[PDB]
Amino acid sequence: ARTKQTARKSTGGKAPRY
Amino acid sequence: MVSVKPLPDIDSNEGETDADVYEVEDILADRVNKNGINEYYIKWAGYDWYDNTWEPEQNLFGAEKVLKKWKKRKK
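Residues numbered from 1 in each chain as written, not as in the entry; some residues may be left out. Chains lettered and ligands numbered in written order. Heavy atoms only, no water.

- Method of determination, as given in the entry header: solution NMR.

1. Focus: the UniProt feature "domain: Chromo" in chain B
- Sequence positions flagged by UniProt for "domain: Chromo" are, in local numbering, residues 22-74 of chain B.
- Within the segment residues 22-74 of chain B, helix and strand shares are 19% and 43% respectively, and the terminal C-alpha atoms sit 23 Å apart. (UniProt positions renumbered as here; feature names shortened; annotations may be inferred. Helix = DSSP H or I, 4+ residues; strand = E, 2+ residues; numbered from the N terminus.)

2. A look at the interface of chain A and chain B
- On the chain B side, the residues contacting the 9 residues of chain A number 18 residues.
- Together chain A and chain B conceal approximately 1,300 Å² of surface at their shared face, both sides included; 45% is due to carbon and sulfur atoms.
- When the area that chain A buries against chain B is broken down by residue, the three leading residues are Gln5(A), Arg8(A) and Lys9(A), summing to 55%.
- If you look at where chain A meets chain B, you find 5 salt bridges.
- Note that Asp20(B) and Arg8(A) form a salt bridge whose closest N and O atoms lie 2.6 Å from each other.
- Where chain A touches chain B, the interface holds 13 residue pairs in polar contact.
- Here strand β1 (residues 5-7) of chain A pairs with strand β1 (residues 22-32) of chain B via 3 bridges, running antiparallel. Directly across from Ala7(A), in β1(B), lies its bridge partner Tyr22(B). (Contact = heavy atoms within 4.5 Å. Buried area = accessible area lost by both parts, 1.4 Å probe. Salt bridge = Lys/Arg side-chain N within 4 Å of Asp/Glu carboxyl O. Polar contact = N/O pair within 3.5 Å; in protein donor to acceptor, adjacent residues only side chain to side chain. Pairing = 2+ DSSP bridges.)

3. So, the sheet that holds β1(A)
- Strand order in the open sheet made by the 4 strands is β1(A)-β1(B)-β2(B)-β3(B), with antiparallel pairing throughout. The open sheet terminates on both sides in strands that have one partner only, identified here as β1 of chain A together with β3 (53-56) of chain B. Neighbouring strand axes in the sheet, compared pairwise and without regard to direction, differ in orientation by 50 degrees on average.
- Across the sheet, helix α1 (residues 64-73) of chain B lies against β1 of chain A together with β1 and β2 (38-45) of chain B, angled at about 35 degrees from β1(B), the strand it touches most. (Axes fitted to C-alpha atoms, helices over the stretch in contact; angles between N-to-C directions.)

4. So, the pattern of salt bridges
- Taken as a whole, this structure holds 12 salt bridges over all chains when the rule is applied.
- Close ionic contact of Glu39(B) with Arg31(B) constitutes a salt bridge, the shortest N to O distance being 2.6 Å.
- As a salt-bridge pair, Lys68(B) and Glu57(B) come within 2.7 Å of each other at their nearest N and O atoms. Of this pair, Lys68(B) sits in helix α1 while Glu57(B) sits in the loop between β3 and α1; the two residues are 11 residues apart in sequence, bridging distant segments of the chain.
- Residue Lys68(B) is classed as partly exposed on the basis of its relative accessible area of 34%.
- When salt bridges that share partners are traced, they join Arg2(A), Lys4(A), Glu23(B) and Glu25(B) into one network. (Buried < 20%, exposed > 50% of the residue type's maximum accessible area, 1.4 Å probe, protein only.)

This is the structure we're talking about:
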């Protein structure tokens, strides 16, 4: 396999507005 | 009320955590907020080529190698 790095990625969020 | 305890709903075994981990191809740029959060322009592999976005260092807990490599070469 290719030696590479991975991380989370914050997949999700909400902007608090009205 | 009913008296029940939690279940092992989360796996304790190590394996495929892709659901919460995407590939880090490399860092493209960086930024810091005024609030005290540092962020980097990550090219996530495994996803679409145009998916790259800024993510906090906080999610880069595994990508310390590549990130610190970036920060070593670029301030």
